[PDB]
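Protein chains in written order, with the entry's author numbering: chain A, 625 to 675; chain B, 214 to 726; chain C, 471 to 624; chain D, 420 to 521; chain E, 368 to 419; chain F, 676 to 726; chain G, 214 to 265; chain H, 317 to 367; chain I, 214 to 265.
C-beta atoms are modelled at their ideal positions from N, C-alpha and C, and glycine is treated no differently.
Have a look at the structure below, then the notes.
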Amino acid sequence: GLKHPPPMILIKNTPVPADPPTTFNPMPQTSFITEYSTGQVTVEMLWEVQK
Amino acid sequence: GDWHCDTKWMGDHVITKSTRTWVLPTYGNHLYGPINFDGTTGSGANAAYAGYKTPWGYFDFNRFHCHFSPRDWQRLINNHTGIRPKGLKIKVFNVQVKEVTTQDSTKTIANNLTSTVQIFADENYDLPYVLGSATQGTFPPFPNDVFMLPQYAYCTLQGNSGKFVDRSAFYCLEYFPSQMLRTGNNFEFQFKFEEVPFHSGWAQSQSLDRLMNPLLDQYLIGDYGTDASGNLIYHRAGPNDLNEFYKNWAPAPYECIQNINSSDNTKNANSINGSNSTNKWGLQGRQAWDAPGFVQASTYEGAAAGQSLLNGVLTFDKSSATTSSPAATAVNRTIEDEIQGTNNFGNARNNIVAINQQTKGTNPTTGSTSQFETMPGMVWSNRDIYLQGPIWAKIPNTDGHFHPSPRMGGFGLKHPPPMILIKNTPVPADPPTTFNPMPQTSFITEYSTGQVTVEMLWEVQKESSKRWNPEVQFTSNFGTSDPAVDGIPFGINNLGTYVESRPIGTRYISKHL
Amino acid sequence: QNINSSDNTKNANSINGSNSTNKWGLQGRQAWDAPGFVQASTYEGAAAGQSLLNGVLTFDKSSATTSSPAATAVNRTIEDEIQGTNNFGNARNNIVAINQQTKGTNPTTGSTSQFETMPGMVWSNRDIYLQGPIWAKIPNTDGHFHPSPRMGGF
Amino acid sequence: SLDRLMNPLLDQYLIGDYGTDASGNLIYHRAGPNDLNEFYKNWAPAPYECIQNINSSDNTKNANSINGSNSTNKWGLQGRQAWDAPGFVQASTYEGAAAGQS
Amino acid sequence: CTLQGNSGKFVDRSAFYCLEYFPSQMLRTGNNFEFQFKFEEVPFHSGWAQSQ
Amino acid sequence: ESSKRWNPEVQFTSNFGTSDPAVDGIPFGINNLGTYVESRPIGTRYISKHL
Amino acid sequence: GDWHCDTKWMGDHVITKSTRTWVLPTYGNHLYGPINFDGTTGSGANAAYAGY
Amino acid sequence: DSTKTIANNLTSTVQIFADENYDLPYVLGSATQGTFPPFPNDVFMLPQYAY
Amino acid sequence: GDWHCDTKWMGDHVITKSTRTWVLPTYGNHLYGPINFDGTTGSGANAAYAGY
């Protein structure tokens, strides 16, 4: 039990918009390029033990 | 080049940061063009204009919800009686240029690392300044939305039927120095605001005719009338008549504006034509609406529910929309009653003046007036600022101006934040193998996108009031919301759309006059 | 409106003062505008006793509680020293053009009861008196025009 | 000009009051490129006292036998009147007006 | 007087002040109270009559 | 209070329609008889936090 | 940026390292949304929730 | 049509932050799925955040 | 010896001051006395007490 546990690490792909129309529109743009990401993660922990 | 979007409250000042994602199309096929309207197919001769549209585009951050979340805005208005802008800095970064190819049905999008974009700030105010007109294209209030940059265009001096004249000006934007950005390059700009007064963030807890000690009498004697023989009669004002006290100060000037009731249709007349009933000012032989006008009280305590003024208040959309005739359930209509102490109701028209010269045989007569303008000894309050409203406006460059506080709201500035303009650099397609002198009209189809961060330094005034009883605060009050249909107010609904539930002013804490 | 303090032959009979005074509205009710922005109460050549109805300050000769003091018990001020820059209050003699003239329609003008501040005007403030107030507090507001208190002083 | 300061391609995010319907309900309208005169605006033009027109070039525009002193603007002081001239400056003519307008 | 509604009734923004909530000093016989004040800059009142 | 929620929070506010100075007076104030009245109870819990 | 995944036993303490490969899709079409359950089609009223 | 092509984009980004002040609802510690796999050679999805 | 009754908000701490006027009678005719209750005329045996 911990008052201050290891904090959450959050991640997301940055949205990349598709081609806009050539006339200005005030609405938010809903069309995006389909993508995903991948990588490596390493975690290192120091533990204390009793013999 | 990292994301920020956050607020830091330090004592007497506060810093806001926000980051958005923008997308820039090629406008106008890389062409300038003249634009006019002669008015006929539209409203009429009052609608005519002449000008130019350009291939360029620009950034507009001039609304408050660009810089403040609703919770931060609450933290401001309950605890502070004033705010003014101090400094500004802007960064454009992570630019990508993308090429579009269409073969048959399918459409492919590829990245081009060497192609550029051009950007410059207009620091000397050389271009016509189109910010401060409260138009669309501002940064979205919700930080995750992607938005288009609007195309830059301007109006110039016109003659009859929207034709150019000798003093009409054409501007070439390539005649300015600008810097060219590839992937990996960024643009930065810093700005310092001129000194302005704090916006007044409180509601009035007194009225201008009650400033006296109610228990006492005046040592000044008033004129009560004449007797049957014509001798002057004197009267001393006191607690039984407070309206007859001699006073040092007078309320705000007005142009009479027509009333309207937004809630209750039994109060309104049928089939009102709004354009025929609004206040107007003339210029160059044509007329324009005067709206919202110089601010008046839209309602006062004791007035009927829903009382308002026709084109006398600001009205906002709940969500970004293109609709030309939005429904009443889709809008946020502001109410200014916090100024009712110094500012009369807009439709009252109840000031009285003497209309003749009395002698024995002719009785004195008076009349009410629809027009009462500025006189020595008047005091008034400015229109409120809103979370959905504009921050600043550019004071016109002229010999004279009276109390240059912009009528829609905010801070009048001699030197506002300059316009930042941007466009994709044209990339020609394959030329012919024989020399041709003509300009080349064939280009590669492309668009660009990136991130922009804006950081503002604000100065604020903390609230010292010594009243004993508690004060009104802005609070979140709604019975229940359906997550299936609706969602949390000031939040994302079931369709993924951000909704601003109600309008929010700055005037909650109260002060005596 | 004008009033004559000395000579009753100049006044109309049975004037109701409250009905004839200038008023401004606020919050759905009305209050007297008095003394108002100062005007000349009389000028040289005007009849003796010429004054303005609730346009001047009037004081008691001695401290008193009376609600309706007699004329012999009061000191009525006269401001004629401003008659160079400030018109007589009941004159209403400024003239403006009320139509647009063409061949066939003659130009017409009219007098006005209201003429407000324009670029290029000059004026004088109301005088201070040995019996009058010294100072007043300017209301705390976004805007005010020429904040000189109307009854007098600083 | 002071009514054209906007970007002519865009619409406002402010909504105007268009009128009432047959039952008396308020109707809303968004101003845009088809009506630029209905835009909400920050600034207003100059104050005026109305001054009579005259045409210096073309006598067919003027009325006959105008008495100038009777038709000019005047202010009173000390029980007498004086001309207010030239007055606070107004535009004497504008583009599209007839030739000689003053 | 404070902000009113119809018929001289209080409303939400009406303010009540307790004067005992201020610091004050207590005077017996032999004690005195002193206060000093400086006026802000204002123009001279014009003490002349116009001869033109 | 440091909270990072987006939407606004509940605050304690003075809400009453109208009060009669003849009969009643201002809430949390002196009534017509000179008596001090505490109109409603007030806790400390208004701002919200997740667990 | 290299791989590790290994353990080192030192006396009274021990250090673990591990390396993995992750994949991240785009969730929700770049949208937030409210989610509820009223319980009926599931267990019942004890199963209801609201969130984002 | 039927086929699916996958290309690499060198300029596009991903966003990551740790929540050090515990400002978000903490959904770890509920013993749900989406943890690192025990066997080091497996590839795993990151779960979607909700509260 | 002066009046105060006021509050000062400083950052992470706050100071309150208040002043009141008290009146003290002579109690008990300058006497101590024992007090009891056996409970009968009141609630009952659960109400009994002894003291001074």
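Asked	Found
Neighbourhood of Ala-334(B) by C-beta, 6 Å cutoff - its chain only, sequence neighbours within 5 removed	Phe-402, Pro-631 and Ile-633
Beta bridge counterpart(s) of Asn-275(B) as assigned by DSSP	In DSSP, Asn-275(B) forms no bridge with anything.
Inter-residue spacing [alpha-carbon to alpha-carbon] between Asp-251(I) and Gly-241(I)	22 Å
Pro-427(D) - partner residues in DSSP beta bridges	According to DSSP, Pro-427(D) bridges with nothing at all.
Outcome for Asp-695(B) when other beta-carbon atoms lying within 10 angstroms are tallied against a minimum of 16	exposed
Within 8 Å, strictly: CB atoms of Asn-472(B) and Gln-509(B)	no
Closer than 7 Å at the beta carbon, the chain I residues around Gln-392(E)	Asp-215
Below-8 Å beta-carbon distance, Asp-251(I) vs any chain E residue	no
Burial state of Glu-408(E) (16 or more Cβ within 10 Å)	exposed
Under 9 Å by beta carbon: chain G residues contacting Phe-360(H)	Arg-233, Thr-234, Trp-235 and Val-236
Where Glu-401(E) sits in the DSSP three-state scheme	coil
Any C-beta of chain A under 8 Å from that of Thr-611(B)	no
Contacts of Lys-573(C) in chain D (Cβ-Cβ under 8 Å)	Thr-479, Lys-480, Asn-481, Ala-482 and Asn-483
Chain E contact for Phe-529(C) (CB, 8 Å cutoff)	no
The stretch 438–448 of chain D / the stretch 536–545 of chain B touching (three or more Cβ pairs under 8 Å)	yes
Contacts of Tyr-388(E) in chain I (Cβ-Cβ under 7 Å)	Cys-218 and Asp-219
Residues that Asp-454(D) bridges to, as DSSP identifies them	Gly-451(D)
Residues, ordered as in the chain, of the stretch 680–701 of chain F that lie near chain E by beta-carbon distance below 8 Å	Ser-689, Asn-690, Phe-691, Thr-693, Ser-694, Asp-695, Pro-696, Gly-700 and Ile-701
Any 3 or more C-beta pairs closer than 8 Å across the stretch 701–710 of chain B and the stretch 676–688 of chain F	yes
As assigned by DSSP and simplified to three states, the class of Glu-659(A)	coil
Segment contact flag, the stretch 333–349 of chain B with the stretch 428–439 of chain D, C-beta cutoff 8 Å, min 3 pairs	yes
Through-space distance from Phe-404(B) to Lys-302(B), alpha-carbon basis	6 Å
Whether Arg-546(B) touches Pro-356(B) by CB criterion (8 Å)	no
Contact residues within the stretch 490–524 of chain C, judged by C-beta distance below 9 Å to chain D	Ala-510, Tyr-513, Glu-514, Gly-515 and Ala-516
Rounded straight-line distance, which links the Cα of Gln-392(E) to that of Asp-215(I)	5 Å
Residue closest to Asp-436(B), alpha-carbon to alpha-carbon, out of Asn-563(B), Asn-492(B) and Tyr-459(B)	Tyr-459(B)
7 Å CB neighbourhood of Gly-554(B) in its chain, flanking five on each side removed	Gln-417, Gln-419, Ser-420, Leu-421 and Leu-726
Contact test: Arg-546(C) Cβ vs the ligand MN heavy atom, cutoff 7 Å	Because no ligand of any kind appears in the structure shown, any question about the ligand MN cannot be addressed here.
Whether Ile-552(B) touches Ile-332(B) by CB criterion (8 Å)	no
Between the CA atoms of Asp-550(B) and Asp-612(C) - distance to the nearest angstrom	16 Å
Option in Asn-478(B), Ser-661(B) and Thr-646(B) with minimal Cα separation from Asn-324(B)	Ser-661(B)
One or two residues paired with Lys-221(B) in a DSSP bridge	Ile-228(B)
Residue burial classification, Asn-453(B) (beta-carbon count within 10 angstroms, cutoff 16)	exposed
C-alpha distance - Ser-723(B) paired with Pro-283(B), whole-angstrom precision	21 Å
Run of the alpha helix (DSSP H) containing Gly-580(B), from where it starts to where it stops	Premise fails: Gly-580(B) lies in the beta strand (DSSP E), 579–581, not in any alpha helix (DSSP H).
Cβ neighbour criterion (16 or more within 10 Å) applied to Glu-713(F)	exposed
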